[PDB]
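Structure first, commentary second.
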Amino acid sequence: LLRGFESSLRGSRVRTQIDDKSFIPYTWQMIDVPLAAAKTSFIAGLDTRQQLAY
Amino acid sequence: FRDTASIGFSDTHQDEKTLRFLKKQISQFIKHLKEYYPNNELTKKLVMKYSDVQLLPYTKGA
Amino acid sequence: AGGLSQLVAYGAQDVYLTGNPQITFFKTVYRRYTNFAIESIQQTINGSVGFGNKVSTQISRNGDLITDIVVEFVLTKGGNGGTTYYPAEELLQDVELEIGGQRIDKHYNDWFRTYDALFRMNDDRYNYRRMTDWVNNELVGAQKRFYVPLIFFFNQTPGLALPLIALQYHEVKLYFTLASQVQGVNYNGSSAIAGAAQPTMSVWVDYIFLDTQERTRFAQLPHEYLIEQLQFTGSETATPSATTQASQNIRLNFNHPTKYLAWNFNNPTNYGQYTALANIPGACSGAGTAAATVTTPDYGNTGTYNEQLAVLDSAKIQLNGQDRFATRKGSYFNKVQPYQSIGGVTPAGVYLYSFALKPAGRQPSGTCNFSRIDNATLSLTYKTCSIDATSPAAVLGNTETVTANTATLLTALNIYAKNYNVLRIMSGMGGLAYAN
Amino acid sequence: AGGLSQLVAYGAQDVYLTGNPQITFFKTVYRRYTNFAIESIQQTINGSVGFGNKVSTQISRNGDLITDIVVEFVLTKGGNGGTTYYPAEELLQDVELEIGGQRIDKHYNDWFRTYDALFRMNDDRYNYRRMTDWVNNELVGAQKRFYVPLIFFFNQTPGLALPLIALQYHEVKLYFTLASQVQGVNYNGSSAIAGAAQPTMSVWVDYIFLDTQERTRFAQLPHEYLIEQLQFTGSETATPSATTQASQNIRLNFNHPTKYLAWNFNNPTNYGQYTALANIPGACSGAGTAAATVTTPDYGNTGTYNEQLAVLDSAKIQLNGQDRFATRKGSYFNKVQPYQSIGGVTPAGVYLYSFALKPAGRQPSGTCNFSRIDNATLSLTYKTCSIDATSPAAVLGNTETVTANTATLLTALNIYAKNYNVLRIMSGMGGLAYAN
Amino acid sequence: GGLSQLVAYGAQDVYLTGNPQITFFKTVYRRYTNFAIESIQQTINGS
Amino acid sequence: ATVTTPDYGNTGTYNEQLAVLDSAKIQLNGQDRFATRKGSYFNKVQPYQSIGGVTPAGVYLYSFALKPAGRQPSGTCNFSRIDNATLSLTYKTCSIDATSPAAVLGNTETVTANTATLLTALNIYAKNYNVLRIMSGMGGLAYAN
Amino acid sequence: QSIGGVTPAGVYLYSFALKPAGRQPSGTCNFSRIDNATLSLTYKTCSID
Amino acid sequence: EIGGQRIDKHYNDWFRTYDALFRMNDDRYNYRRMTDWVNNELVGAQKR
Amino acid sequence: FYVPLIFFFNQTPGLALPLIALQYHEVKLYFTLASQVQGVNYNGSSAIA
Amino acid sequence: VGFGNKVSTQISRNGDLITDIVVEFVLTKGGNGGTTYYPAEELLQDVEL
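In structure tokens form, the structure reads like this:
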């Protein structure tokens with residue numbers, strides 16, 4: 115109790131406890147919906163405008 | 005010609021580590037209450053805390 | 002005669018130059034690229050625009066990638082010629098980069114001046130000044146459109162453009178903190194300029210639209226970007242007037258594998274003033290005439306290259322109680338490190354020490370990971386501020402260890418660190434891989 | 002509308018630019034590197050430091066590789082403003098590199114000035130000036146610390162760092178000859194400045210510390226470095242006075258693969274004076290008023306870009322009795338060669354001719370191997386030197402084949418050639434691959 | 003000196019100095035097709 | 293009236309204009325713990341939010357806990373593992389002439405009385421948890437630092 | 341953004357390319373496939389003496 | 099704008115033109131009622 | 147001035163609103179500001195210039 | 050923001066759960082002592098979730 119106790123000694127206060135770990139499991143949500151990227155011509159248009167014959 | 009085998013700055017015997025060294029030792033020995041260990045077991049701690057080397061073998065011939 | 006007379010000059014040492022050729026210089030090879038188009042689209046700014054106001058924008062998903070961002074301001078000058086010093090950027094006190102609720106970076110008005118002071122050179126420094134200041138002796142009442150390009154990690158090279166197509170859930174936002182005091186527009190020194198107009202601003206965002214084969218890839222694969230961050234805290238300085246050269250030992254609070262450390266000594270009242278004022282050409286208002294005063298800069302020339310008016314005598318970085326390099330004089334950090342590492346000119350009062358071979362580039366080239374340092378301290382020696390600022394005979398005729406008495410006004414020290422980190426993006430969400 | 006519209010118009014002309022994409026510009030993949038740290042360490046200089054003395058220093062092997070060296074001088078100016086012209090470099094008369102007792106390279110104060118004059122460019126050269134001269138109209142008695150970075154094959158790119166870790170059997174050291182005459186510090190022209198202070202000198206070296214895995218390999222493996230070195234001998238000019246255009250045939254003593262030759266016509270008494278003096282602003286002391294004298298420069302502006310004050314009319318290089326090119330006038334070599342080859346500006350009186358496509362780089366890009374050429378000459382034609390230097394009406398209002406009568410002071414000729422060699426490191430010993 | 007920095011290899015650095023791919027201090031140059039450069043005068047036809 | 297001596301028995305006040313703090317921020321390892329807040333936040337808002345009492349002017353608190361007034365653990369900042377904790381202060385400009393009530397009762401939060409420069413001592417407290425262990429007649433702190 | 345230099349007054353640039361100053365293709369608009377390419381200008385009122 | 103793509107874009111003069119071309123009778127008058135002062139209102143009058 | 151709100155999730159942590167569990171629902175607050183504030187811009191019904 | 054104006058805000062999803070919300074105002078009074086009565090509270094005309 116008097117001399118076998120726990121304390122905080124330098125090296126145990128190293129900044130790497132933050133700089134080795136992400137905030138990602140702490141700031142991210144749980145999103146089950148997939149990403150919806152799709153073909154460009156579907157939105158952009160079909161280029162239907164008499165392009166020059168070569 | 006110089007004949008100086010040692011390079012000339014801190015590398016091989018110097019153990020240039022940061023004080024995080026403390027957690028490496030705690031991990032090696034497993035318990036956070038490190039204070040009692042080297043008071044009772046010093047040899048194992050000294051053996052596990054020093055560096056190795058690499059050699060240079062070149063010659064020209066007689 | 003001619004070229005044929007030299008081709009024949011072939012000897013044994015050419016096996017290292019022209020032996021078994023691998024490259025021919027005169028028929029090069031180009032690489033075909035994924036088709037893309039760049040469109041500059043206006044964003045909507047939330048909040049009231051004005052002096053001292055804080056406004057923000059939510060970046061609309063107008064495209065697949067986002068890269069260059071430019072913030073424009075409209076300012077009316079309230080004074081005559083030579084009364085402003087980059088008013089467009091000083092108006093913008095900081096910009097916060099937030100992706101999905103987590104801040105990734107933050108830049109400051111003073112950092113923009115420091116970054117410009119170090120890493121931009123030649124025509125880009127002059128253009129930047131054109132983009133942020135009045136440089137043609139314009140007079141009172143002149144009004145113009147200013148552009149303050151942003152420098153977040155994804156703002157200078159397409160190689161780090163953020164994948165909005167892969168950030169379909171998390172929003173990206175920029176918060177803009179505007180200044181209450183803008184020299185020559187809203188205030189002249191600390192004196193308010195009656196009738197000063199409120200600024201008008203807009204945020205320009207340049208979007209890249211990709212073709213099908215790559216854009217669906219971006220939304221398919223997880224991504225990891227090796228990015229830059231800025232770290233910043235302010236410090237108070239100890240600058241003596243006489244009999245001594247003070248020491249100061251500032252304990253640093255930096256983390257991450259750091260590319261370089263840069264700092265400047267400033268007068269918090271006069272934006273961009275990193276040197277003492279003196280009664281010499283370009284060093285103070287009215288310099289060289291009977292009306293000269295060393296309390297007010299000749300603002301259009303606030304920046305100088307005359308280190309005699311700078312206050313740092315020497316500095317060293319000490320890590321865990323042992324010096325990182327032997328003590329260097331203040332001029333090493335002002336003249337030599339940017340020569341070796343950037344290739345530009347750093348004005349007096351701005352100092353740089355690199356850990357990197359090429360800190361101006363984005364290719365990783367050496368870092369100091371301060372998360373592993375238990376005691377990171379910047380030790381400073383100041384010059385003695387005993388030289389009479391109003392007497393050119395002394396201001397330009399003194400020793401290396403002394404500077405002007407007006408250097409005692411440089412009470413704030415701004416210490417910046419630029420470091421690497423990794424940005425992770427997947428399933429529409431993003432965030433910073435290593436916290437801090 | 003917008004970027005999508007541009008993507009829609011995709012057709013045949015895009016197949017060779019984008020069809021079957023090979024690259025993207027928006028997902029740049031960085032490379033991972035070997036851990037290293039950089040430190041600047043000062044060494045001990047063996048020899049007495051002072052005007053006219055020779056000193057040397059052994060590079061204390063405080064690291065694994067040597068990447069850069071910056072020489073520092075502390076000078077007190079002995080004259081008024083505008084009386085100095087690169088005084089740190091004039092003092093740094095000659096720097097010689099020795100590895101294992103053998104001379105590797107030598108660089109003279111005039112080479113530093115010539116290299117600065119025609120190869121170093123941008124704000125980087127202005128900053129260079131900041132490091133070696135007084136650039137803020139400073140007054141007599143001012144003390145300033147100067148930095149002169151060295152320009153040996155190893156100083157600018159880390160890929161050529163000196164492998165001292167692998168040279169355990171040899172010393173690496175440099176010899177420094179200090180000038181006895183430094184303009185504006187201990188002499189004004191040929192007249193001594195009483196009470197001038199002796200310089201203070203130190204040499205700083207940037208050491209690379211490598212990690213365990215890479216330094217093991219460097220120490221155990223043999224290495225070969227493809228390097229550049231400077232060949233130089235000074236000679237004499239053939240400048241005429243009136244009625245003629247002198248010719249000179251200079252037998253060259255260069256060998257090894259040369260990437261360029263460069264030369265200047267100088268006044269050996271006034272450091273850096275590569276042109277004639279004249280009564281034009283910045284062209285001589287007192288220029289523009291009645292006190293103008295054309296025997297002494299207005300030193301702080303010793304260098305000029307007015308080619309009419311240059312003495313060379315035309316030049317040709319001939320190899321083995323046949324012309325290497327048809328004769329060009331002097332302005333070609335002063336204005337066009339550096340435009341085509343390096344993309345910079347060269348001041349009047351300094352000339353370049355290159356063999357390399359990019360002579361400023363390290364990657365070989367064309368060389369003339371003067372070890373397999375038996376007789377190489379430089380043919381010069383001089384301008385007639387009949388214009389009265391004291392009348393700007395005659396100097397600023399005349400033709401190309403004439404110059405000022407004061408051009409006859411440019412009596413010393415310096416022809417430089419830089420070429421390739423290979424530095425071999427085997428069994429702990431270094432040495433050159435090719436002799437002569 | 004710099005050793006206090008060099009030693010500090012951590013978890014975040016696997017993205018920088020882990021599993022090295024390149025070295026910055028040993029450059030390998032590419033050998034090129036032998037060529038010579040000259041500039042000569044053309045005849046201009048016309049007044 | 294002598295503005296250098298208080299009417300001692302009524303020394304405590306609730307008038308924020310006589311309080312020193314313009315703003316405060318707590319920063320942990322170079323990273324802000326929250327954005328800078330104005331001094332009245334620490335004097336009045338958090339005591340309302342987490343304690344339920346009234347704090348006189350010049351006394352400030354920031355909580356890490358839902359119930360800092362209680363004994364039940366309710367949220368803690370473990371300073372035994374944080375390398376650098378810094379409390380950043382911004383002062384009000386002490387330009388008001390304390391002898392003129394028209395000025396002291398008629399100004400904004402960023403200024404205070406000239407007599408404020410007498411408040412020369414800064415006292416910052418931290419209250420925390422540890423465990424007191426008792427075994428076979430012996431007692432002691434398990435976590436002492 | 342596209343070059344990294346300064347352009348004098350009266351000279352204007354709009355790029356379709358990331359690095360128009362370089363030779364490596366970095367983004368193009370093919371005006372052989374656009375039927376109506378128009379540059380619309382607004383002029384300043386030239387009222388100042 | 100639908101998903102980053104422009105679908106339509108109307109200007110004030112188009113609204114005037116449309117009101118001039120396609121709205122007729124009571125609808126044009128009620129439009130007027132919604133966008134202007136139609137009762138000789140005086141300085142200071144405010145309307146939704 | 148600081149005006150705390152007194153909604154169901156404002157006074158006790160036990161009813162804290164879990165944005166984390168509302169991934170797809172954005173939470174908005176509407177604020178209507180009074181036109182007349184006694185002693186600030188009106189004294190009774192009389193405007194304060 | 051202003052007298053008689055209506056504004057809204059969208060709570061930024063920075064955390065996991067929301068507890069208290071405090072709306073702050075900066076007001077300057079135009080009256081004498083004893084001429085105001087919870088001016089920040091009446092300014093806050095209404096709040097909707």
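Residue numbers (the deposited numbering), protein chains in the order written: chain S, 115 to 168; chain U, 5 to 66; chain P, 2 to 437; chain H, 2 to 437; chain L, 3 to 49; chain C, 293 to 437; chain E, 341 to 389; chain B, 99 to 146; chain A, 147 to 195; chain F, 50 to 98. C-beta atoms are modelled at their ideal positions from N, C-alpha and C, and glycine is treated no differently.
8 Å CB neighbourhood of residue i in its chain, flanking five on each side removed
| i | result |
| --- | --- |
| B/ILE105 | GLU99 |
| P/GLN184 | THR84, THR85, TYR86, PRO88, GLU91, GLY190, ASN271, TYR272, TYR300 |
Spatially closest choice to residue i from the options, by CA coordinates
| i | options | result |
| --- | --- | --- |
| P/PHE74 | P/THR368, P/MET430, P/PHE147 | P/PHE147 |
| P/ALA239 | P/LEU231, P/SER248, P/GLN232 | P/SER248 |
| P/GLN23 | L/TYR31, L/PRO22, L/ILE24 | L/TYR31 |
| A/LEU168 | S/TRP142, S/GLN164, S/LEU116, S/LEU115 | S/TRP142 |
| C/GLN323 | P/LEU8, P/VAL71, P/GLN103, P/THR77 | P/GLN103 |
| P/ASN437 | C/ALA436, C/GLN319, C/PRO393 | C/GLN319 |
Continuous alpha helix (DSSP H) stretch holding residue i: start and end
| i | result |
| --- | --- |
| P/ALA118 | 110 to 120 |
| H/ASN54 | Neither: H/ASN54 is in no alpha helix (DSSP H) and is coded neither H nor E. |
| H/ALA38 | Careful: H/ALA38 lies outside any alpha helix (DSSP H), inside the beta strand (DSSP E) at 37 to 43. |
Pair within 8 Å by beta-carbon distance, residue i and residue j
| i | j | result |
| --- | --- | --- |
| H/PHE26 | P/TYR34 | yes |
| residue 175 of chain S | P/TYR170 | Absent from the model: residue 175 of chain S. The displayed extent of chain S is 115 to 168, so no value can be given. |
| P/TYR261 | P/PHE356 | yes |
| S/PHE119 | C/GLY432 | yes |
| L/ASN36 | P/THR19 | yes |
| C/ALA395 | C/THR407 | no |
| H/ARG373 | P/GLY12 | yes |
| P/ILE70 | P/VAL204 | yes |
Whole-number beta carbon distance between residue j and residue i, since they are thought to touch under 8 Å
| i | j | result |
| --- | --- | --- |
| H/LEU66 | H/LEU211 | 7 Å |
| P/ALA311 | P/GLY283 | The Cβ separation is near 14 Å, so there is no contact. |
| H/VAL186 | H/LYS78 | 6 Å |
| H/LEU381 | H/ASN267 | That pair is no contact at about 14 Å. |
Neighbourhood of residue i by C-beta distance below 6 Å, restricted to the same chain and skipping five residues each side
| i | result |
| --- | --- |
| H/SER61 | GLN44 |
| U/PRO42 | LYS49 |
Unbroken beta strand (DSSP E) run spanning residue i, endpoints
| i | result |
| --- | --- |
| P/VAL204 | 201 to 211 |
| H/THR234 | 224 to 237 |
| P/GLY432 | 430 to 433 |
| P/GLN319 | 313 to 320 |
| P/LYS260 | 258 to 267 |
| H/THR178 | 173 to 179 |
| U/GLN32 | Premise fails: U/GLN32 lies in the alpha helix (DSSP H), 25 to 33, not in any beta strand (DSSP E). |
| H/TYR148 | 144 to 150 |
Close beta carbons around residue i, own chain, < 7 Å, minus the five adjacent residues each side
| i | result |
| --- | --- |
| H/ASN254 | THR234 |
| C/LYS359 | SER342, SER366 |
Near the ligand NAP: residue i beta-carbon under 7 Å from a heavy atom
| i | result |
| --- | --- |
| B/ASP124 | Among the ligands in the structure shown, none appear at all, so the ligand NAP cannot be discussed. |
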